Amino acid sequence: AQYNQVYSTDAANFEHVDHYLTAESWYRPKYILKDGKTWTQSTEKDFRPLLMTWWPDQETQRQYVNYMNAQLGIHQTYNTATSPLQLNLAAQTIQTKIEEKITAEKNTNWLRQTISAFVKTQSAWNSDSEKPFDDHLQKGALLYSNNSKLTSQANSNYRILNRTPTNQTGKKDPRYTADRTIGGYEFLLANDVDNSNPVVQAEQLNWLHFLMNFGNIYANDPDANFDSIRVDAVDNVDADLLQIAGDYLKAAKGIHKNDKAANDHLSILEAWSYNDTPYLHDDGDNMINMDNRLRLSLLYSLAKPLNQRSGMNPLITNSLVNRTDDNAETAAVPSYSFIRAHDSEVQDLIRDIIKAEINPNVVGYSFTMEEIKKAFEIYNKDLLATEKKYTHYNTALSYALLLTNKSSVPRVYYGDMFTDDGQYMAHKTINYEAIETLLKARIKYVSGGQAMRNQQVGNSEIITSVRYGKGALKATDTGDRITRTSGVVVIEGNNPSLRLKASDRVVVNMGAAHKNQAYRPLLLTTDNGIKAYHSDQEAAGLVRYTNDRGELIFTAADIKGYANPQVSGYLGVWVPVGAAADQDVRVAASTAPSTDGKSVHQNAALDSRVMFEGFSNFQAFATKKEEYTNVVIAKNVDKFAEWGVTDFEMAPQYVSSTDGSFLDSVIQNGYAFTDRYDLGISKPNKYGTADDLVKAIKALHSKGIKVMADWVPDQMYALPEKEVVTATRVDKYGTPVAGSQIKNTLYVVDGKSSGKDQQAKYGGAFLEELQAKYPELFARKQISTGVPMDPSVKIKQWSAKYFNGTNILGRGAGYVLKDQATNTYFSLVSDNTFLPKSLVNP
């Protein structure tokens, strides 16, 4: 009893977390039985495990012997009936065996680990006590208490949950009713940063300013700054951040002054709710959101299996813009449009394949490397099939619409041109040719008003989409020479069974600048795929003409249904003959002052832009310098210019954590990180070193292309230090879970950064200069909080007080040790020390 008791009650003598004890705590006894033979004075070296001498109750002390008796090849176990006098010799005999064996392996590392193992067999100490699970992607979350006496350094006056755009004020906005929900939820993955905390808000701003000045700050090269941002996971953070970022863009860059300034820094949100667009629009169009309705329209009218496909009309009317006749010089609301992204309609399809053909109980997207590579074999083959079971149909049809549509900036996804897996840019998809063709055509032909028509012919239907030519917003505008040699027509059908009757005609009005004119093909579907024409000359054979009225006319000879690996339906695209090799109908943004109170205007100059999402989650890791993405990017900067890419959306560049607790930290895309400022600085990121990054930003600038920084304020992964928090089990809205055991109960999280990383170096480092240069930013009272940001304290080190909570860690409800008698946590704070009766007073 005696020797074992604690050496001294100092914090010094125990391994503790915020002065609390855990099941895995080691400490300094007064003596060590040396080689289980002789009672020698401890030194600051002789640390043992608590569990070696103390148990939270007798039932646990029992298991421990049984378990331990196993390990030490002691051949005796005890069932529930056992006295405690035997439970007490059982552990003393083990204790000798423990020293004897430490002497023998000259170490205790092996113990560290028999201990750690055992701890995990107990309910109070594993994920058993953390049930019931909920539908958080990592199975559950813990909300940290704002007011706990036990964990005062984790207290917060904030932690205001769920203030999405729709719900920013804590009530659902009456203004936006397309989404009838509250438009998002707080807890998405990992450690959830509390973005309602004014100090944290200021820190998000610091980081924004940093990214946007990355060149100057890191390389001293004004030519290497990110030009613009994406706000990630908008519907999972506090929407004040939208005001802050827009306020910034305004103050620092002048985006509200004129279009040229707004388009040099054109920024986007990833905001899934239908409410978010009108919300953004009332906010002043300081950034643009995706057109989610059009995305769904493409997906269901074009990309789904033949039996699940819907009719085509939504391709015209289910959108931010009704494209039946779109003749506005400036659209009501700006947006960007896409059909796939790094996550959307890619990692889903892999999940579909794993869940179907590999591991049926796979959770969320928590995949393994193994499963994935296995998944990819199936997927890649499905890509080449005519009958697809897992992957998109009609990719080229979707791009034809996206790249010819008026009133939205198209975003092309990397993985629709290159293989989603695979070294960067090494392999082309079968659609690369058609997409590149469309991209090139867009620069040269795509300008003017738009008309879309849905026509029931033969046994099915087609839609026709028409751009009138540069300088004709309406069908009746005759324009000038360049109008005449610009414009385009797209014809599409979504049913392989489409047959026209002999008497059918599809009559397309091309616009008044196009009477009696030659047209030639750009893309035509063929039995095996799609044939691309790279020049008039190339398509010399297949010319057709409009008539007196400027109508093209199409017939059964032109239009029928196909099924091949690229087309399930019909695609045809025609362009006028005679465009100068170097014709370009894009249009530069005006310096004329903006006057409608909005920053971004969806006009012809904005339509002239094209966005490129330049990565895939599932890219292979580089084998060598040459294969690093950012290296490869700098080296093909010309292609991007040739495609008319004006905004290059780089992947997040933060060094990835490697915990594997979610997809993002398995394929290391850059959304899972521990250091916000570590852009390939401490070691390379998936995409190269900080220098490769700097070089790729420079390369893209040299072509005049803009580069977007993914701004990811929602969460952080794998913090290095432990902290104790008062936690509660909650669902993703922060509501307490029914039937859980963790309710204002102490928990051990990984919630502290190292205080020695880049964050330590740059955190809050620019606040002072920001307040001098842009006092207006700090004057705003943020919506959710009612108060201004708080730059008066810098964040050099993240700790739990800056977080809402975390995903569940499997440590258990009882990990932090409590005297079950008094039901009170043990503590090592000095004026109030409380230890287990046996270790201090035996």
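When you see a residue number, it is the position in the sequence shown, counting from 1.
With reference to the PDB entry, specify whether the mean Cα temperature factor is higher for 331-339 or for 456-464.
Mean CA B-factor is higher for 456-464.
If you average the CA temperature factors over each stretch, which comes out higher, 770-778 or 812-820?
Taking the mean C-alpha B-factor of 770-778 and of 812-820, the larger value falls to 812-820.
When you compare the CA B-factors of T277, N236, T324, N107 as listed in the entry, which one comes out on top?
Highest C-alpha B-factor among the listed residues goes to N107.
Among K732, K761, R180, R549, which carries the highest Cα B-factor?
Across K732, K761, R180, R549, the entry lists the biggest C-alpha B-factor for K761.
Place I783 in the lowest, middle or highest third of its chain's C-alpha B-factors, as listed in the PDB entry.
Within its chain, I783 is a lowest-third residue by C-alpha B-factor, going by the deposited values.
Just say lowest, middle or highest third for the CA B-factor of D128 relative to the other modelled residues in its chain.
Highest third of the chain for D128's C-alpha B-factor.
State the tercile, meaning the lowest, middle or highest third, of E721 with respect to the CA B-factors recorded for its chain.
It belongs to the highest third of the chain when residues are ordered by C-alpha B-factor.
Could you tell me which third, lowest, middle or highest, the C-alpha B-factor of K101 occupies within its chain?
It belongs to the highest third of the chain when residues are ordered by C-alpha B-factor.
Among the modelled residues of its chain, does the C-alpha B-factor of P174 lie in the lowest, middle or highest third?
Answer is lowest: the recorded C-alpha B-factor places it there.
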